[PDB]
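Data first, discussion second: the structure below is written as structure tokens.
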Amino acid sequence: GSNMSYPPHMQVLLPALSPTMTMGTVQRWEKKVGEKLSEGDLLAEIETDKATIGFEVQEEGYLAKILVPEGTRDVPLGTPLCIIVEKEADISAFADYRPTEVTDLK
């Protein structure tokens with residue numbers, strides 16, 4: 001009985017759609033490179049003077065494409081700064097493959 005639906009993809013842009021303004025810049029959300037949260041991580045706290053967006057990373061925030069740290073001014077919405085996902089990380093060349101797939105042929 002897990003609970004999953006559609007793949008994750010935190011658009012670098014701030015998901016506001018109603019910042020009450022048209023010129024907001026990331027205020028504070030310096031995540032830690034390759035972070036990883038599963039109980040509510042930080043969130044791009046954007047602000048302008050009468051509103052502030054927030055990239056609430058509900059249980060997530062592995063810092064995948066975090067390139068624009070708080071301070072970049074693009075807008076109170078589209079302002080794309082980083083793509084969150086909470087990746088688990090996993091590297092390993094492994095050019096050989098003794099086995100084939102995960103289908104254990106009876």
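Just so we're aligned, residue 1 is where the sequence shown starts under the deposited numbering, counting upward by one.
We put the CB at the ideal spot given by N, CA and C, even for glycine.
Residues bridged to residue i (per DSSP)
| i | result |
| --- | --- |
| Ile91 | Paired residue(s): none; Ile91 is not in a bridge. |
| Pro80 | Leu13 |
Neighbour-count burial assignment, residue i, 16 or more Cβ in a 10 Å radius
| i | result |
| --- | --- |
| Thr52 | buried |
| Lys32 | exposed |
| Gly61 | buried |
| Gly24 | buried |
| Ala89 | exposed |
| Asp49 | exposed |
Residue i, DSSP secondary structure in three states
| i | result |
| --- | --- |
| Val75 | coil |
| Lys65 | strand |
Opening and closing residue of the beta strand (DSSP E) in which residue i lies
| i | result |
| --- | --- |
| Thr25 | 25–28 |
| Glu101 | Element bounds for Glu101: n/a, residue is neither H nor E. |
| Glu45 | 45–47 |
Residue i at chain C interface by Cβ criterion, 9 Å
| i | result |
| --- | --- |
| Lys36 | Among the chains of the structure shown, chain C does not appear; only one protein chain is present. |
Do three or more CB pairs link the stretch 63–81 to the stretch 92–103 at distances below 8 Å? no
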